[PDB]
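Below you will find one chain, with nothing else, as structure tokens; this is the form deposited in one PDB entry, and questions on how it binds or moves follow later.
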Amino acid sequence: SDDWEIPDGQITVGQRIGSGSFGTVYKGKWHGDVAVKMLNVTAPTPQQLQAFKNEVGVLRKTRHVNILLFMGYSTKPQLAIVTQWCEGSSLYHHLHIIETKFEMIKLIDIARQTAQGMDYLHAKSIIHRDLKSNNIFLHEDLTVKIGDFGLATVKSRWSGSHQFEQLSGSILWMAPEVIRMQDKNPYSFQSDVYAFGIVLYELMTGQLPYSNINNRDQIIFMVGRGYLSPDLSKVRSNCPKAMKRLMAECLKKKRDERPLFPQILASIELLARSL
């Protein structure tokens, strides 16, 4: 396949929803409700532009129950991304704003489906680079939908033929090797696996990590230094011992100790049965 490009006059851009680490979302219409994220790189270079078209080729070939559908892009008014529109609130809204109250049965299930979709992405060798509760939606309060995955080339604006990831995103989910931005490609499967483990800390505590550190740069420095770690004492009393141990493996400071998603997902379904 090739031209995945939507023309102008086809996307009824609607209300402004919000901005994130690399775009601004509007609820657009396009054969039904879609989500149009106006990228921050509005003026792209034909070297960056062709890498984007190459990465859209992989994202367009993704079909999983736990993955948000990627419906192509546009280059009319300005470079934009068209994805599935999600009803309901994101996981971040449920856990930290609405304070929706789930049982452990439901919480583990959310964690199971998230590993389900994440394992698909790694099976197709796609690094999410942005896994966080903000990019996880509960579709009709049932199915988990992971979004904002991949798209490495529209983050970290290029120079001409270079994409040094000027690290961006939210720091709370960034692995320590991602924080340092030091060796070639900090973003890896284990960098995602760590971010996943932070999502577990969210589900199992109801809190964000480092609830007592209210300094953005203090977290960036101490985490990248190996001084600061998510305080696992904050886990709810009714959390399975098998879950708190899996959580601790994904948060290993050195990335080579963290497990991969085939092993993670197997552990979650096991403790879902012995519950």
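Note that residue numbering follows the sequence shown and begins at 1. In this text, the rigid core denotes the largest set of C-alpha atoms whose superposition between the two forms falls within 1.5 Å.
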query	finding
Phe261 dropped from a third or more of the other entries of this protein	no
Flanks modelled, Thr12 absent in at least a third of other entries	no
Entry-level comparison of average CA B-factors, 130 to 138 and 181 to 189, reporting the higher stretch	181 to 189
Mean Cα B-factor comparison, 194 to 202 or 78 to 86, giving the higher one as deposited	78 to 86
Options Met38, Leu208, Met222, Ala242 - largest CA temperature factor per the record	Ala242
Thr45, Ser229, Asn214, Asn66, ranked by C-alpha B-factor: the highest one	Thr45
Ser125 - Cα temperature factor, lowest/middle/highest third of chain	middle
Within-chain third of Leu260 by Cα B-factor, per the entry	middle
Position of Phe164 among the chain's modelled residues by C-alpha B-factor, lowest, middle or highest third	highest
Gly18, C-alpha B-factor rank within chain (lowest, middle or highest third)	lowest
Chain third (lowest, middle, highest) by recorded CA B-factor, residue given as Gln218	lowest
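Keep in mind that the form deposited in another entry is not shown, yet the notes after this line are about it.
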| query | finding |
| --- | --- |
| Identity of the moved residue from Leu228, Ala248, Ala51, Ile213, C-alpha shift 2 angstroms or more, core fit between this form and the one not shown | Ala51 |
| Flag for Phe149, CA shift 2 Å or larger between this form and the one not shown after aligning core | yes |
| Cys239 C-alpha shift between this form and the one not shown of 2 Å or more, rigid core reference | no |
| Exceeds or equals 2 Å, Cα of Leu39 between this form and the one not shown, core fit | yes |
| Outcome for the Cα pair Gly150, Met118 in the other form, compared with this form (closer or farther; change of 3 Å or more) | farther |
| Relative Cα spacing, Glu55 and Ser89, in the other form - shift of 3 Å or more | closer |
